[PDB]
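Just one chain is shown here, as C-alpha cells, and it is the form deposited in one PDB entry.
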C-alpha cells in the first residue's frame, strides 16, 4: 500500500509484517523473527561461521549475566521470584567484561597465542529511543569475535581478514554493496586503537548505516585486564587484541536495499524458497493432474539443489498467491495451469523485473539456475549503481547542505582533527533546523580506497591542510 519512495518508514513496517518476517511484540523494541527471516540469518551465519573456522576461530558460550562491579542503558536483574538478589546483575550489552578476565587466566606464555574465540548469541541494549525493526532494536542476535595475538601486525592482519569476510557476507550473500573504511577518532570504539567498518547507504532517506565492524584493540584491554604473556626470551608482554561483530541489522539492510513498491525482493542465495510453484486451480477441482505435475517438477528441481515450495493451499485464487509470494520476495514463481500441462511447459516470472519465460519442463532446472545467478548479480549491480549515485564528491562546505538535501552522502577532503567533526555536526544540525522551521551530519568512514589528493588541498571545513577523503552524511 505505502510506496517505498513516498513514505519509506511506513513502507518498511508494512513490508516486514506482510512478508511474515517479523511479528511485533508487546515489549517495545523486541521482535519475533519468523522463519521467513530467520532462514536468511541461518544462511549468513553458516557462511560466516564456516569462514572463521577456516581461520582457526572456535565458538564458545559465555554467560549472559555480568556482575555490577565487573561491568564497571543496561538491563538490570534485581530479583528472582519475589526475593531480591544480594547484588544486581546486568544482561550483556557486549561481552568484553565477561570474556577478558578469562583470557587473562588462560594466557600465560607465548605458546598460548594466538587465542581466537567467537560466540553467537543475543545482546540487550535498552535505549529509550524509538526502535527500528532489524536496524536498531533493544534485543538483537549477533556474533562477537574476540582474539589475542603476540604482535600488532598479526592482530591487524586478522582485523582485515574479518572485515573482508563482512564484505562477502553483505555483497556475496545479501547482494548489498558496502564501503570499507576506518572510523574517525570520535566515532571509533573508545578503548580500541583503530576501528574498521563496512558502511551501507539507504537512498530513500539518504542515510548511511554501519553494516559490520572490526576493531584493532591494541594493548589497552590487555593492560586493563592484565592479559600478559611471557615471550620466547622470558619477558612479560601485553597481548594485542581484536574484536569484531555483525548483527541481524544485515537483514534490515538487505530488505531496504532490494525492496520495491510491491514488497520484498530476496536474493536467491539467501531466500528460504527460491522457486514457488503455483498451481492454477480453483476451489474444489483437484483431479490430481496439475498437482501431480507440480510434485514431479518439485522433485526434479530439488535434485538441482533448488529450494522449492508448492503453494497448494485450497480456497485462494492464483492471483492471490502471486501477490502473496511477491510480497514475501520469492525470486522466482513457476505457474502451472491446464494450458501449460497441455503444451509441456511452465511459465516462470522473476520477481526483480517481472519478466516472464516459457520454459520446457526438461529445460527447467538449468534455466532456473541461470536465472537465479542473473537475479543475484542484477540485484547487486543495481544497488551498486545506486550507491555510486548517492555519493557526491565535494571540496568546500558550501556544498554540504545542498548535497544533504538531495539525500546524498558527501566525500570531502578532511583535516581529520576531532574537534572539527563535532563542529561540523553542530553546524549542520543548526543549518538543518533553520531550514526545517520554514539532522546532524557526521563521518561515516574514511574509505580504504582513497582518490588522489592534489598537493595543498584544503580541508573542506577548516581550511587547513587536508589529510584524507572522508565520507560524511546523515546516519542511523
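Numbering follows the first chain given and starts at 1.
Across the other compared structures of the same protein with both neighbouring residues present, residue 71 lacks coordinates in at least a third. Among other compared entries that model residues flanking residue 438, a third or more give it no coordinates.
The modelled chain breaks between residue 72 and residue 73, where 10 or more residues of the deposited sequence lack coordinates. Unmodelled stretch separating residue 438 from residue 439: 4 to 9 residues (count of deposited-sequence residues without coordinates). For the pair 175 to 183 and 234 to 242, the mean Cα B-factor is higher in 234 to 242. For the segment pair 450 to 458 and 17 to 25, the entry gives 450 to 458 the higher mean B-factor, averaged over Cα atoms. As recorded in the entry, 360 carries the highest CA temperature factor of 122, 195, 360, 147. Across 56, 35, 63, 418, the greatest Cα temperature factor reported in the deposited entry is at 418. Among all modelled residues in its chain, residue 424 ranks in the highest third by Cα B-factor. The deposited CA B-factor of residue 443 belongs to the middle third of values across its chain. Among the modelled residues of its chain, residue 114 has a C-alpha B-factor that falls in the middle third according to the deposited record. Among the modelled residues of its chain, residue 138 has a C-alpha B-factor that falls in the lowest third, as given in the PDB entry.
Residue 210: CA B factor in the lowest third of modelled residues in this chain (values from the PDB entry).
There is another form of the same protein, the form deposited in another entry; it is not shown, and what comes next is about it.
Considering the chain's movement between this form and the one not shown as two rigid blocks, residue 310 travels with residue 282.
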